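Written out below as C-alpha cells is the structure these notes cover.
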Amino acid sequence: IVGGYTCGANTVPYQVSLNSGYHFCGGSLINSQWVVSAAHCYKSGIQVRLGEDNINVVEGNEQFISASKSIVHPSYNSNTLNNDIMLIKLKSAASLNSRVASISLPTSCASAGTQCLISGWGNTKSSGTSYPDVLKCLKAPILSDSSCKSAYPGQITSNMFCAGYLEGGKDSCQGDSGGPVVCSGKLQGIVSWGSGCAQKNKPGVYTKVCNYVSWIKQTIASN
Ligand SMILES: *[O-]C1=C(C2=[C][C]=[C][C]=[C]2)[C]=[C][C]=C1C1=NC2=[C]C(C([N])=[N+])=C(Cl)[C]=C2[N]1
Ligand SMILES: [Ca+2]
Ligand SMILES: [Cl-]
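The sequence shown begins at 7 in mature numbering (1 follows the signal peptide of the UniProt record, and there is no 0) and counts up by one.
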C-alpha cells in the first residue's frame, strides 16, 4: 500500500496473508473454512495465515492453516486478468473471534464515489521496493466507469472497477494482490492489477465481487 497508514493490530480481522515461505498475496476470510483471493496468486503449497499484524513476528492471535484446495475461476484469463478470483478451502476451520472474523459478500454492487478500505503488506514505494512488517490501510473511492476506461482503454471488462486517486500517491501495489476492498462492511473488490503503483491517472483495478456471489456460493456449496 503506497501513501496509506498502519491499520493497528487486528483491526482488519478478515485479512489473511498467503504464505509459501514468504508473504506473496493477500486474501479475505468469508466463512471459517474459505478464503477469497485473486486467481493470479494461485500456486501450490499455500499456507493461509490469519490473525496477523507483524508478518515477521509471532505476536499471538495467529492461526496458520494449510489450504486443502484452491479453485481458480474456470474462465480466468491470465492475459486479460478477466475473472481474476480464486477461492481457497482451508484444511481445518479457523476459530473465529474478535481478531479473526469473516467479511460479508455484497448483495448489490457499489457505486462510484463509495469510500472503501484497502489493506495489505504490499510494497509501500511506487518507485523501488520497501515491504512493511505490519498491515497497511488506505481509504479509497470507487471511480466512475468512464474514468476507469479512459485510464485503461480496451482493458476494463464488466468484472473490473477502478478505485483510487488519479493524482497518484496513494494506491495498492505488489504484495497487496488478492486482498480486500471493503465498502460499507461488504467485500466489493479484490486487488488485481494496475500500471505501476500510485502513478498519476493509473488507478488500481479490482475484481468486481458482486458479479461472482452466485458462483462463490454454488462453488462452496458443492465443495
Ligand atoms: O500482484 C503483483 C504481483 C504478484 C502477483 C501474484 C503473486 C506474486 C506477485 C507481481 C507484480 C505486481 C503485482 C501487482 N501490482 C499491482 C498494482 C496494483 C495497483 N496499481 N493498484 C494493483 Cl490493484 C495490484 C497489483 N499487483
Ligand atoms: Ca505475526
Ligand atoms: Cl473501452
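The beta carbon of each residue, even a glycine, is placed where N, CA and C say it ideally should be.
Could you check what DSSP says for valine 63 in three-state terms: helix, strand or coil? The sequence position of residue 63 within the sequence shown is 57, counting from 1. Three-state result, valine 63: coil.
Taking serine 152 as the reference, which of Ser164, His29, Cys47, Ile196 has the closest Cα? For the purposes of this step, residue 152 is taken as the residue at position 146 of the sequence shown. The candidate whose alpha carbon is nearest that of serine 152 is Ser164.
Considering Cα atoms alone, identify which of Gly185, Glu65, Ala15, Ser156 is closest to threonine 213. Residue 213 sits at position 207 when you count from the first residue of the sequence shown. Of the listed residues, the one whose Cα sits closest to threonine 213 is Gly185.
Specify, as a first and last residue, the run of the alpha helix (DSSP H) that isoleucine 71 falls within. Against the sequence shown, residue 71 aligns to sequence position 65. Where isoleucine 71 is concerned, there is no enclosing alpha helix (DSSP H), although the beta strand (DSSP E) it sits in stretches over 69 to 78.
Any heavy atom of ligand 2 within less than 7 Å of residue CB: hits in chain order: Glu58, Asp59, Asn60, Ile61, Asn62, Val63, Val64, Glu65, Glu68
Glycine 126 - partner residues in DSSP beta bridges: Position 120 of the sequence shown, counting from 1, holds the residue named residue 126. BP columns for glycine 126 point to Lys142.
Hey, how far is the Cα of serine 104 from the Cα of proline 19? Mapped onto the sequence shown, residue 104 falls at position 98. Mapped onto the sequence shown, residue 19 falls at position 13. If I take the Cα positions, the gap works out to 7 Å.
I'd like to know whether the C-beta of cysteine 47 is nearer than 8 Å to at least one C-beta of chain D. The structure shown has no chain D; it contains just one protein chain.
Could you check what DSSP says for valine 41 in three-state terms: helix, strand or coil? Position 35 of the sequence shown, counting from 1, holds the residue named residue 41. Strand.
Could you tell me if the beta carbon of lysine 155 falls within a distance shorter than 7 Å of some heavy atom in ligand 3? Position 149 of the sequence shown, counting from 1, holds the residue named residue 155. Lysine 155: yes, Cβ under 7 Å from ligand 3.
Among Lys145, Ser201, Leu96, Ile61, whose alpha-carbon lies nearest the alpha-carbon of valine 187? For the purposes of this step, residue 187 is taken as the residue at position 181 of the sequence shown. Answer by Cα proximity: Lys145.
Run through DSSP, which three-state label would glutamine 224 get? The residue given as residue 224 occupies position 218 in the sequence shown. The answer is helix: DSSP assigns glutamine 224 an H, G or I state.
Coil, strand or helix - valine 197 by DSSP: As a position in the sequence shown, residue 197 is number 191, starting the count at 1. In the structure shown, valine 197 sits in a strand (DSSP, three-state: E or B).
If I measure Cβ to Cβ from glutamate 68 and keep anything under 8 Å in the same chain, skipping five residues before and after, which residues do I get? Locating residue 68 in the sequence shown gives position 62, counting from the first residue. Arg55, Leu56, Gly57, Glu58.
Looking at residue 6: is its Cβ nearer than 8 Å to the Cβ of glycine 9? Limits of the chain in this structure are 7 at one end and 229 at the other, which puts residue 6 out of reach.
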